[PDB]
Amino acid sequence: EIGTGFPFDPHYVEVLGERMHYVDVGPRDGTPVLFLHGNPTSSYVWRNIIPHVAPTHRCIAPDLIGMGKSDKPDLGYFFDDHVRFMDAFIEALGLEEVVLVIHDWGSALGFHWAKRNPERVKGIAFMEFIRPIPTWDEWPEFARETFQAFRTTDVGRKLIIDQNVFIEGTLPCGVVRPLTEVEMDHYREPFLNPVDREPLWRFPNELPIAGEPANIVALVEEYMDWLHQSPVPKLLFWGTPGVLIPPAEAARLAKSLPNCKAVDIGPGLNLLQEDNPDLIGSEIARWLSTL
Ligand SMILES: [Cl-]
């Protein structure tokens, strides 16, 4: 039974005029472990991983601005807006050195932060993360047509803003096991008002695919170059068939990235946390003990 509950007291901090919500559990001392979720999830995606880590480490898991239980201002919710809010969140909590556990757009946030603050990062655990996607040929027909549809201000907004397709359609397609309606309700909660679904649409329009948008492709190429040269301890989780990171890509990264341990979680698509939380949390705790 994969737990469906979210038993964490809410914490809030004011960041750039907006309230950001975060989970904060574990001992107050030591190096903190910072969990960054992506699209279209929240700290909820970490709920069954954090308990493997909280016995011996501080766990901080924020909700991105406009997502989860964080405030929802009238922004475009560009990656750049998320960079500003996450930078500020980390300083507002007074974090110095951290370990990162990051996923999907959370990973783009983490890597881009790590690149800009390499002396402050003691380890990075990552999974199903954002890397440049050279061609649409890498995706199957349905995914290709859907995400190409997403990347317009007409049909894309109709699908994601009006019809809430990213939550009701895409999200369960990123999990091998069937999500329950209780879990779905936790993922749905932040976007019950359609005007609040703006981040769900801007994120796929930011994905670095076949060279566009050029600025996001450049930013991501930068932090990937950094990641290939830094000796920071790395822990890569991957599954089969995977989505952003197919088994061949995981193998490549496992050998080419310095100081990288790779863990096969078994069956998985994008939300690896929902398919093997026990192994992911267990391995993160284990890996942490070696840092
Ligand atoms: Cl996305």
# chains A, B, ... in the order shown; residues from 1 in each chain; ligands from 1
$ residues_around --residues "residue A:175" --least-positions-apart "3" --cutoff "6 Å" --atoms "only C-alpha atoms" --output "VMD selection string"
chain A and resid 172 269 271
$ residues_near_ligand --ligand "ligand 1" --cutoff "9 Å" --atoms "only C-alpha atoms and all ligand atoms" --output "PyMOL selection string"
chain A and resi 38-40+104-105+147+166+200-207
$ atom_distance --atom1 "atom CA of residue A:115" --atom2 "atom CA of residue A:134"
22.0 Å
$ closest_atom_pairs --of "stretch 104-184 of chain A" --to "stretch 256-262 of chain A" --cutoff "10 Å" --atoms "only C-alpha atoms" --output "Markdown table"
| residue | atom | partner | partner_atom | distance |
| --- | --- | --- | --- | --- |
| A:123 | CA | A:259 | CA | 9.8 |
| A:124 | CA | A:260 | CA | 9.3 |
| A:125 | CA | A:261 | CA | 9.3 |
| A:126 | CA | A:262 | CA | 9.8 |
| A:127 | CA | A:262 | CA | 9.9 |
$ residues_around --residues "residue A:58" --least-positions-apart "4" --cutoff "12 Å" --atoms "only C-alpha atoms" --output "PyMOL selection string"
chain A and resi 23-35+50-54+95+98-100+285+288
$ atom_distance --atom1 "atom CA of residue A:222" --atom2 "atom CA of residue A:96"
23.0 Å
$ residues_around --residues "residue A:89" --least-positions-apart "4" --cutoff "8 Å" --atoms "only C-alpha atoms" --output "list in words"
residues 13, 15, 20, 85 and 93 of chain A
$ write_last_selection --atoms "C-alpha atoms" --output "CSV table (one decimal), in the first residue's frame"
chain,number,residue,atom,x,y,z
A,13,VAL,CA,7.8,31.8,4.2
A,15,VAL,CA,9.3,35.3,-0.8
A,20,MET,CA,5.6,29.9,-0.4
A,85,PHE,CA,11.3,32.5,-6.3
A,93,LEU,CA,15.4,29.8,4.9
